[PDB]
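Consider the single chain below, provided in structure tokens and representing the form deposited in one PDB entry.
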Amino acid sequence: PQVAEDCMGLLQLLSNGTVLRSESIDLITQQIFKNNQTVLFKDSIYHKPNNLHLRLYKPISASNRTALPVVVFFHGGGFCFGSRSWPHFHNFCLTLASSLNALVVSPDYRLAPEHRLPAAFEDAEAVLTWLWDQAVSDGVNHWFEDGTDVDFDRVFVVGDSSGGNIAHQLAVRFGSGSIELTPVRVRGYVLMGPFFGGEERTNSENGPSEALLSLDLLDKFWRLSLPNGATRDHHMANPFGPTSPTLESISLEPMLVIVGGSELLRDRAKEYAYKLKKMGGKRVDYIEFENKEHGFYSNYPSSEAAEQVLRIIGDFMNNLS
């Protein structure tokens, strides 16, 4: 059907996103006559050939008091959907910058099935390299109109869903020594409902569907984003597949895994965290929010559970800074 060549172009338009001309500001309400705060943000290209952009967020109050830590946020979308400019993700990043008092980097990455995996992992590394280039060239001073003091020794990666998988890949590439980006130092990783996969199903994966996520949809994501002929046991989907790099040899940074108690992916995430803990010298914290489904932290901002995730991530950063 010619309408098939048409839905193809719908996803592309849907996730293409727009680019801000100049820097912008927004008012964000604080935790608990609402207390508010301003956040400065703007888009920048980080990979010219692919026309890939990222958004920089700076909480104005905190930036005028101390050097800011860096949070690199990778949005979700099953490797097939999403843009940094989507209000859903833009709002979460505003909350991240303001609540964490951190400079937030929110990059786009190429989406499947047009750009199958590992296209996205390749883009995530380009983001970190772009950050290195900015750190060693005083590019940070030109990020916004005024100056900005950033502490590249305190970088944290926060991955949501498919972005959580991305974060794991980066943690492996760094922990293995395959790449090194002094003076950029990634002190920890946060995996929110990480999009991990596997040929065999877990208990939770076999449970009832969620409000939006179903096993069929997850399988659908994997087979649109994995290379043709690959199974869900490929290392890009399963962190402990037959060819998955032995994480015992590599030294993983401190990991924080956060999932909802009612998530399809809860079991795979729990299995992942406990396999790391019982691996030696691995600081891995696992936090399960009872009765919550996938993406609660971003689907319901200003909800009590979302605010607790923010607090936990901040305490995680403080303990490592």
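So that the term is clear: the rigid core is the largest set of C-alpha atoms that superpose within 1.5 Å between two forms. Quick note: we count residues from 1 along the sequence shown, nothing fancier.
Another form exists, deposited in another entry; not displayed. Remarks below refer to it.
> Determine, with the core as the superposition reference, the one member of 247, 140, 80, 213 that shifts its CA by 2 Å or more between the shown form and the other one.
Everything else stays below 2 Å; the exception is 140.
> For residue 151, is the C-alpha shift between the shown form and the other one 2 Å or more after core superposition?
Shift at residue 151: 2 Å or more after core fit.
> Given a superposition on the rigid core, I'd like a yes or no on whether residue 305 shifts its C-alpha by 2 Å or more between the shown form and the other one.
No, the C-alpha moves less than 2 Å.
> Say whether the C-alpha atoms of residue 138 and residue 41 sit closer together or farther apart in that other deposited form than in the form shown here, given that their separation changes by 3 Å or more.
Farther: residue 138 and residue 41 separate by 3 Å or more in that other deposited form.
> Which is it in that other deposited form for the CA atoms of residue 13 and residue 214, closer or farther than here, knowing they shift by 3 Å or more?
Closer in that other deposited form, by 3 Å or more.
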